[PDB]
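Note that each Cβ is placed from the backbone with ideal geometry, even for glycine, and that neighbours are counted across all protein chains shown. Each answer follows from the model by the rule given with it, or from the source it names; no laboratory instrument gave them.
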Amino acid sequence: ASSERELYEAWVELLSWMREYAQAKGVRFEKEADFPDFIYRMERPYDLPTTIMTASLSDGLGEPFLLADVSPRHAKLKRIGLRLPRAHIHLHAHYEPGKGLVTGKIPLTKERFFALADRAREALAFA
Amino acid sequence: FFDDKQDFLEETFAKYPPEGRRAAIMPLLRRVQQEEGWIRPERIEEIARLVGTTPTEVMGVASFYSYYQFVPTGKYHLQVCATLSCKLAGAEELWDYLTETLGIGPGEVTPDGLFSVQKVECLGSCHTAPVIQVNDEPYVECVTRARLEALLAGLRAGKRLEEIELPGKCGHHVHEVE
Amino acid sequence: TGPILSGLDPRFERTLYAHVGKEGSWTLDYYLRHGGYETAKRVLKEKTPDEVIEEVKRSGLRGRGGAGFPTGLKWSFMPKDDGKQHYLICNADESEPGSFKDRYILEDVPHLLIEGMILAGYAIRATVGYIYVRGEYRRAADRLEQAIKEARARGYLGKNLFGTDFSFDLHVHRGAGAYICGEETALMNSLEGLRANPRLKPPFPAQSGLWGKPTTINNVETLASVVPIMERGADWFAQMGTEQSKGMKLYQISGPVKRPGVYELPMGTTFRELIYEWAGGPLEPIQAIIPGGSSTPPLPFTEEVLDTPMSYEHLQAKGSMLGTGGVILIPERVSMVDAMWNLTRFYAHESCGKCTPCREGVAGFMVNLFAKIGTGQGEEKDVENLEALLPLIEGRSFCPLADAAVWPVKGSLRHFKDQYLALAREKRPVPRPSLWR
Amino acid sequence: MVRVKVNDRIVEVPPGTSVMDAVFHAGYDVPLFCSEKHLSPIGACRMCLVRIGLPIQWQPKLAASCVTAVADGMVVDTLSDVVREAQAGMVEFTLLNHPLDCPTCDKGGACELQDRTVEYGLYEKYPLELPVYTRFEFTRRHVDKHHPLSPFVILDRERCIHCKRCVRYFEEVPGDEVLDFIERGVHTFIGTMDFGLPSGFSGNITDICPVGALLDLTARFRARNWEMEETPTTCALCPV
Ligand SMILES: Cc1cc2nc3c(=O)[nH]c(=O)nc-3n(C[C@H](O)[C@H](O)[C@H](O)COP(=O)(O)O)c2cc1C
Ligand code: SF4
Ligand code: SF4
Ligand code: SF4
Ligand code: FES
Ligand code: FES
């Protein structure tokens, strides 16, 4: 359905949250990959608000402790995914209308994401 | 960490050939896990130094299994079996209710600080499905809604599981359903 | 009756699970007062290793780990004299769903397994043994460590056993919860301290196992069954089952049935007998049955099926197989699409990743096909794709885990492709009724 | 010596030979990702699959010619329709999660994945049928990208096809286990807790990696593989 637009909007929202946590805690944030459907689109139109597909929070050593990804514009079963490397931890957020961004049934708030990122930093970050 | 207990190191390495010390990575990892709640890079480097191999090797080993946690976990890390039998016993709705009530993802922990959640595969007790494990302990079997909530309130009030009153009966090797 | 044991005939003797459940069954004093260690004591001084190997070869004891290899000819492949140390490996990793039989053996009657391992080690000239248990069985592990401590204290595991020139000792090794660690060649890596990825089989473990030594690995049920065999007859053991499925077996059942659980029963009992007489009959109408383990192909709930004897042959000629005897009944109330959905997601979680086909195809492709179908997104195109995907994975992988993932979906398609095409063409998610109380 | 027959040709071959080497010794070809010269072959990519007969007694399932020994008077089939179909399918499974970087990939013209893909993939199914390149229409594996492992080596964990080449080498040839997988399933990825890459022979994994996972930091983004002029010479830094 039309959930896609607000999904990419909340995707931009989550990216904003990651950037803010990075600037606050003084920890490296990285834009990992852009959309192939925007790179290789030659004349083809691009309606997505941003062209960024993958981002990460890396420690002082550059090894990530938090990874976040969004499904491409043309893939089936669209979702947003989170992963803690080395921690065998994976999260799958969808968007429910009216409620907002939810991991399954549990609302995914900015505070929730901040707490998860702080724990990930303290545990996994090598430096 | 293992500075304290060198007798335990001797005991575990004596179980393995002198050239097979790297076997001891498993018991060392397991002791660190059960004692501190999660495995730190310092623990992995120490296991490596004691056991005679690289921290990269030890990390590869440790990150291979599901039991080994590399992030802090609550005092009670509820490992919910979700496999076919347990689902046919309602593991789906059980996990949905637990996760939605506690408000936690598999990676994080309740703000109370004692409740973490995690899914797990077959715990090898299917006739008593659904099944749940608490961090080292024999499974809390025959998980009905009442048994779950009672275990929850008991742990919430600090009652040790081994002495908690659990409604309903759980068969040993067979169990009568009525 | 004409002499063949195929069910509830009154001349059957409970041997393995007999002392299971009785309080204090893990005490060495209990085990002795019921006649324990008499069999090891006699055989160690009377019979030679070749003789205790030929005894099991005559018993026709086939592997109880799910494979079914004849343990006698299996032991006949050991070097049988080389000067090198041999190791005996007990596989107490019980990770396949629907199989909970070894758990209670380990928890309540460890000394039976210990006696069987003493027998097997004498047979294969193994002076040391390791018992690799999964890290989810802690009560069983405590009872096993305690029983080994007891045997070491009272002299059942020592430098020389019962005066004879044989030596034996066991060591416990707890796992960390990975299904692939049950594959006998990945278990060796896991214990040795590597990642539990299977090894190259052209060098066989009989000639090169743990730390290169000629090690032999046997199922817990097999080792436990060694003791009755040596105690009261090999013919007494062979008195049970069909011409190709000899001895008794620990059957286990779970699902919407009146009383699921474990039953020590002879080989050949019908599904009807098992579900009705023992399990008390179903609680709901069943659409299919998964006889052996999780990996076994489901068969519909038919009279000609319920009357089929559970054996290594009658299920073979029926398309399925008898892996662990762990029956799971699937009712009509749950969609086969959803059942194999959960099955494929579990196998994807538990893959080690060494093979590109298994790793990628299962953990990305098959699970996603099932997701699309059962989430109300699937198409007939997707069902045909899933249909054609299986032969590309089945034939060729480094370890059979890929085959154990594709086979249940193979039989599920062969019997319920209608359900898949229906859920696809209606764009309907799998039914989600309330199943738990 | 051992007598082998590859699909139309007869070969003498020493006994300890691999079936794959007997194939190429006969002049035929077969995909090759996991195995490497001077490294222990272990069937991981499952690309070297061929057919074997040892009687007409064909084996039931396909033999991994990289880890299959040769027997006297053995038949090896690399041209069967089923063999090429399985090769294409394995190529698809390998391409499942690849990041779509070929034009911007520093691996450029010489990518074993690219070349074996264009060699063996897309088997001729039977007209002017409109064929499909990819059936997998789901989200690909997205992990850490362009991570400097050391002042000389960069790591793209997405391009890794999870062969065993780099860890196998690190364990065998230099004897420095400073690289290994971390997680399992499809979450498997290359990492290290020894970050500096201590081994003085680390740079060879860059040549070994059949994909653009491990690339040379000192030559990153300089030219494409075909564009460079190759001068074969000898290094005069030390007397070897
Ligand atoms: C992927 C895989 C996983 C397995 N896991 C187990 C297991 O967890 N427990 C078990 O007893 N057998 C398991 N097996 C079967 C073993 O081969 C079996 O334990 C072994 O052959 C014992 O031989 P036996 O039955 O003759 O004693 C597994 C096999 C495969 C291919
Ligand atoms: S089939 Fe799967 S689990 Fe088995 S070795 Fe291959 S990748 Fe690992
Ligand atoms: S590794 Fe090979 S196939 Fe992948 S992007 Fe680079 S050139 Fe293309
Ligand atoms: S990084 Fe390259 S060499 Fe190493 S396993 Fe991956 S594809 Fe193979
Ligand atoms: S399915 Fe949950 S215990 Fe076996
Ligand atoms: S080439 Fe033989 S499997 Fe990789």
Hits in the range D:179-193 (condition: facing chain B (nearest Cβ under 7 Å), under 21 Å from C:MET366 (Cα atoms) and surrounded by fewer than 24 Cβ atoms within 10 Å (Cβ to Cβ)): D:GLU183
Residue satisfying all of: in the range B:52-71; assigned to a helix (DSSP H, G or I) and at the interface with chain C (Cβ under 7 Å from one of its Cβ atoms); farthest from B:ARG30 (Cα to Cα) among these: B:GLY60
Just to check your reading of the model, which residue among C:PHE370, C:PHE365, C:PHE346, C:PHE398 is in the same structural domain as C:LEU413 (by CATH) and within 16 Å of ligand 5 (Cβ to nearest atom)? C:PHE346
Considering residues of the range D:146-156 that are assigned to a loop (DSSP other than H, G, I, E, B) and more than 9 Å from chain A (Cβ to nearest Cβ) only, the residue farthest from ligand 1 (Cβ to nearest atom): D:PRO151
Just wondering, is there one or more residues in the range C:73-96 that are surrounded by 22 or more Cβ atoms within 10 Å (Cβ to Cβ), among the basic types (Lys, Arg), outside any loop (DSSP other than H, G, I, E, B) and assigned by CATH to the domain that holds C:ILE148? yes
Kindly indicate which of B:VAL134, B:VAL143 is of a type in the set (A, V, I, L, M) and closer than 21 Å to C:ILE330 by Cβ. B:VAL143
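Each row is one residue, and each column tells you yes or no for (1) within 16 Å of ligand 1 (Cβ to nearest atom); (2) of a type outside the set (D, E, K, R); (3) on the phi < 0 side of the Ramachandran plot; (4) buried (at least 22 other Cβ atoms within 10 Å of the Cβ).
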position	(1), (2), (3), (4)
D:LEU32	no, yes, yes, no
D:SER35	no, yes, yes, yes
D:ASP81	no, no, yes, no
D:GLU85	no, no, yes, no
D:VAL91	no, yes, yes, yes
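Table: residues versus (1) assigned to a helix (DSSP H, G or I); (2) at the interface with chain C (Cβ under 8 Å from one of its Cβ atoms).
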position	(1), (2)
B:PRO27	yes, yes
B:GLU35	yes, no
B:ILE47	yes, no
B:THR73	no, no
B:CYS86	yes, no
B:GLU100	yes, no
B:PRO111	no, no
B:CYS122	no, yes
B:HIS127	no, yes
Given (1) surrounded by fewer than 20 Cβ atoms within 10 Å (Cβ to Cβ); (2) facing chain A (nearest Cβ under 9 Å); (3) charged (D, E, K, R), where does D:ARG135 come up short, assuming only one miss? (2)
The residue from C:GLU107, C:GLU23 that alone is within 16 Å of ligand 5 (Cβ to nearest atom), within 14 Å of another protein chain (Cβ to nearest Cβ) and either closer than 25 Å to C:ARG154 by Cβ or over 20 Å from the mean Cα position of the chain (by Cα) (or both) is C:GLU107
Qualifying residue in the range D:168-178 (condition: away from ligand 5 (no atom under 16 Å from the Cβ), over 30 Å from C:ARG345 (Cα atoms), of a type in the set (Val, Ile, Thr) and within 14 Å of chain B (Cβ to nearest Cβ)): yes
Do we have any residue at all in the range A:89-98 that's away from chain B (no Cβ under 14 Å) and either among the basic types (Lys, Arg) or under 28 Å from D:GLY196 (Cα atoms) (or both)? no
Being away from chain A (no Cβ under 14 Å), in contact with a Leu (Cβ under 9 Å, 6 or more places away or on another chain) and among the β-branched types (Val, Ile, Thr) narrows D:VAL83, D:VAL143 down to just D:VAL83
Is there any pair linking a residue in the range C:71-83 that is away from ligand 5 (no atom under 16 Å from the Cβ) to one that is hydroxyl-bearing (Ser, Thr, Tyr) and assigned to a helix (DSSP H, G or I), with Cβ under 6 Å and at least six apart or on different chains, and which? C:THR71/C:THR222
Matching option when the condition is more than 9 Å from chain B (Cβ to nearest Cβ), assigned to a helix (DSSP H, G or I) and touching a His at 6+ places or on another chain (Cβ under 8 Å), among C:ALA151, C:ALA141, C:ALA186: C:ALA151
